[PDB]
Amino acid sequence: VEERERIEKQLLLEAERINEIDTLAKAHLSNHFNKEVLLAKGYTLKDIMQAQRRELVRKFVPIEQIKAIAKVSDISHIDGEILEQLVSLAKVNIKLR
Amino acid sequence: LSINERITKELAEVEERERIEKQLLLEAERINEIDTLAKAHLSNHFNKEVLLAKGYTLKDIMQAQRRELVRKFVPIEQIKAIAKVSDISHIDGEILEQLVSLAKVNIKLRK
Amino acid sequence: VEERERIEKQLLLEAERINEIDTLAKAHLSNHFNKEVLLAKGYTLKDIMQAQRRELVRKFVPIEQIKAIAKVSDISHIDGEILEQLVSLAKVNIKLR
Amino acid sequence: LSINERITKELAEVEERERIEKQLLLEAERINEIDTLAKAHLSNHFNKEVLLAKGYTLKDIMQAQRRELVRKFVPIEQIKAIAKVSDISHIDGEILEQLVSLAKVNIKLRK
Amino acid sequence: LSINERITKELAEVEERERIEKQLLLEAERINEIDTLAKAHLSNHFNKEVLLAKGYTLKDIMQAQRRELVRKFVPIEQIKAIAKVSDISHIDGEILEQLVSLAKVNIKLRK
Amino acid sequence: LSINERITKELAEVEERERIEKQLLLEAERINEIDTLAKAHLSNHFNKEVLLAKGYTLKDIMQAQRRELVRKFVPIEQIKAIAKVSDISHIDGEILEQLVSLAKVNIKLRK
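Residues numbered from 1 in each chain as written, not as in the entry; some residues may be left out. Chains lettered and ligands numbered in written order. Part of a larger assembly, values for the part shown. Heavy atoms only, no water.

As stated in the entry header, the method of structure determination is cryo-EM and the reported resolution is 9.76 Å.

Written out as structure tokens, the structure is:
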């Protein structure tokens, strides 16, 4: 049952990450990308989170840094470790902002 | 071995040689970019001649110049974000390539 | 895989040599012998590099050294490490120039 | 032709061997300098003549003279710190060259 | 693979791990010596905390402290004759170990 | 054998003797060129008479004269471009021929 306990630990970790991302995105980007309206438009939870992350990058991380770390100007398909780097860069930019 | 096999082998060999040629051009461009960045933004102590005299491989010279450029231009929080850590002691590689693209971005915005 | 690693090392070495040759030839000879226009005219990369080297010899290395060290006045067919000697002499000439 | 340039490479390697002959000559000069150090700072019993009579190789004579000079001039604290060990009996080599350099410095400052 | 081969492989593995452990302990003691020398003989501005904040590797901190200690204690003639040059900026290594040993005994004789 | 075997043998023997004669003429021209160069550009102490009295082979005389001519005319900026090191004390052959050709060019442009 400790396997399920650790699974629940990881669930709590990603839930906290999602909550933090949503809380900062609501105050930073817009309310058009709210979880409720995105779900109504028909996007899965992970798709909503990654779209919010990409918007956070496009807002805080300027397009030059975007293409610098993402190695491609379009964040449409860079998702993964590069996307995590970019969202941490967005966190850094808002920290220094 | 029929004619279709002969032609496809010949074209595959030609395309492989052309791809190797493109790789040579890309590596030449990388060398030019590293030399220009080292001459423009980094100190004379990190020159290729003195590093080779100290006994470092060419790739080691490239990654050392890249790391210095990242530390000079890329702020430490940006490093903690992209590299996911502060220390660039062993971060050399494609993450370092992203970080040096960031360094060139920083010099473009700094000019 | 270390065989392919050393092959890539040799690729890097020749790429660096091509870089040095190009960075001096563009500023020394002309824009007519640019890599793009030569490729459009239809010359392979090795042919382009050897033609540029021969032009470098014809610009810096004097004809007496061409007909004495390389034994032929025409650099059209002398290619090899004799061409290496000629381009080294051209490097010395441009260094002293 | 290809033969001309390959023979050029051959004689360039001969030229490198000539440089090896020069560095051999330089090593011989270092040998005579160590001999002068041994005469100036060590007992007559450690002379090359008596050591050869006892039957020791020339390199053995040089390393014995170097070890004695290090023990005489370089204090044991530096000796221990440098060799990472107190004993010099198995420290012949580049570390020994560094130690005899330190001994030369010690006699220079002593004078 | 016979019994003797098994025993020799096991013994070699054990000895290798023991040597690695000894190397770790030696690095520990080296970190000690750098820390104590920096605290006792060098200014607060060269502390590991502030140097790491400025963004220097641990090895860079160690060699910088060593070079500063050598300049502070070891005289310039001694430097010029040990390292064969006045500048210590490119003498990190075994010769740096020699200069820092000379400083270590210099402070002992100063006391 | 049919007569065609000698139609090639008879001609081969004559051609071999003709090539040997041409080689003898080439050697004579080489000796004449060495004599002229030694008389014109090198000191009297390097004359064939005094060198033979000191007991050196004719080929040794030729290579010594060539080496002295190379050192006198060809500067190090080409000696290290062809032989790759400055001195040619033990170096002679194809690089020596290239260097004496370069020295002939050098004296021609000097005049």
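Trainee: In this structure, what is going on with the overall build of chain B? I would like to understand it.
Mentor: Counting secondary structure elements, chain B contains five helices and zero strands. Viewed in the frame of its principal axes, chain B has a C-alpha envelope of about 60 × 35 × 30 Å. Here chain B holds 111 residues, and 34% of them are scored as buried. Partitioning the contacts of chain B with sequence separation of at least 6, the portion at a separation of at least 24 is 52%. Accessible surface for chain B amounts to roughly 7000 Å². Of this, 56% is attributable to carbon and sulfur atoms. (Helix = DSSP H or I, 4+ residues; strand = E, 2+ residues; numbered from the N terminus. Buried < 20%, exposed > 50% of the residue type's maximum accessible area, 1.4 Å probe, protein only. Contact = heavy atoms within 4.5 Å. Areas by Shrake-Rupley, 256 points an atom, 1.4 Å probe, with all protein chains shown as cover.)

Trainee: What is the right way to read the interface of chain B and chain A from this model?
Mentor: Interfaces are often sized by the amount of accessible area the parts lose when they come together. Taken together, the twelve residues of chain B in the interface contact 15 residues of chain A. Approximately 1200 Å² of surface area, both sides summed, lies buried where chain B meets chain A, with 62% of it carried by carbon and sulfur atoms. On the chain B side of the interface with chain A, the three residues burying the most area are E77, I82 and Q98 of chain B, jointly 43% of the side's total. For the interface between chain B and chain A, the tally reads one salt bridge. Put simply, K95 of chain A and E77 of chain B hold a salt bridge, and the shortest N to O gap is 3.3 Å. Taken together, chain B and chain A are joined by six residue pairs in polar contact. Counting residues per element, the side of chain B that touches chain A draws most heavily on helix α5 (residues 94-110) of chain B, which supplies six residues. Residue composition of the side of chain B that touches chain A, grouped by class: seven nonpolar, three polar and two charged. (Buried area = accessible area lost by both parts, 1.4 Å probe. Salt bridge = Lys/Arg side-chain N within 4 Å of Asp/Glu carboxyl O. Polar contact = N/O pair within 3.5 Å; in protein donor to acceptor, adjacent residues only side chain to side chain. Nonpolar A, V, L, I, M, F, W, Y, C, P; charged D, E, K, R; others polar.)

Trainee: I would appreciate a short explanation of the interface of chain C and chain D in the present structure.
Mentor: Contacts between the two partners involve six residues from chain C and, on the opposite side, four residues from chain D. For the pair chain C and chain D, the summed buried area comes to about 400 Å², and 44% of that belongs to carbon and sulfur atoms. In terms of surface lost to chain D, no three residues of chain C exceed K71, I82 and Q85 of chain C, which account for 71% of the buried area on that side. Scanning the region where chain C abuts chain D turns up zero salt bridges. One can count four residue pairs in polar contact joining chain C with chain D.

Trainee: Whenever I open this one, helix α1 (residues 3-41) of chain F confuses me. Can you help?
Mentor: Two residues of an α-helix separated by three or four positions point the same way, owing to the 3.6 residues in each turn. All names here are of chain F. An ideal rise of 1.5 Å per residue puts 57 Å on 39 residues; α1 measures up with 56 Å between its terminal C-alpha atoms. For α1, the full list of buried residues reads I34, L37 and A38. In the core, the buried residues of α1 are packed alongside α3 (58-73). (Expected span 1.5 Å × (residues − 1).)

Trainee: Could you clarify how one ought to interpret the layout of surface pockets in this entry?
Mentor: Rolled over the atoms, a probe sized like a water molecule indicates the empty space that remains. Looking at the second largest pocket, its volume works out to about 1300 Å³. In terms of lining, the second largest pocket is formed by 47 residues, of which the most central are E14, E16, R17, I18 and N19 of chain C. When residues of the lining of the second largest pocket are traced back to their parent elements, those giving at least two are α1 (3-41), α2 (48-54) and α3 (58-73) of chain B together with α1 (2-28), α3 (45-60) and α5 (81-96) of chain C. Among the elements that make up the lining of the second largest pocket, the one with the highest residue count is α1 of chain B (twelve residues). Of the residues belonging to the lining of the second largest pocket, the class tally is 18 nonpolar, twelve polar and 17 charged. (1 Å grid on protein atoms, 1.4 Å probe; cavity = no way out; pocket = protein on both sides within 12 Å on 5 of 7 lines; lining within 4 Å. Points joined across faces, edges and corners; volume = space filled by probe spheres on them.)

Trainee: Looking at this structure, I do not really get the pattern of salt bridges. What am I missing?
Mentor: Pairing between side chains of opposite charge can happen when the charged atoms of each approach one another. Residue and element names in this part refer to chain B. Taken as a whole and judged by the stated rule, the model has 33 salt bridges over all chains. A salt bridge links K48 to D35; the nearest nitrogen and oxygen atoms lie 3.4 Å apart. Note that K48 is positioned in helix α2 and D35 in helix α1, a separation of 13 residues in sequence.

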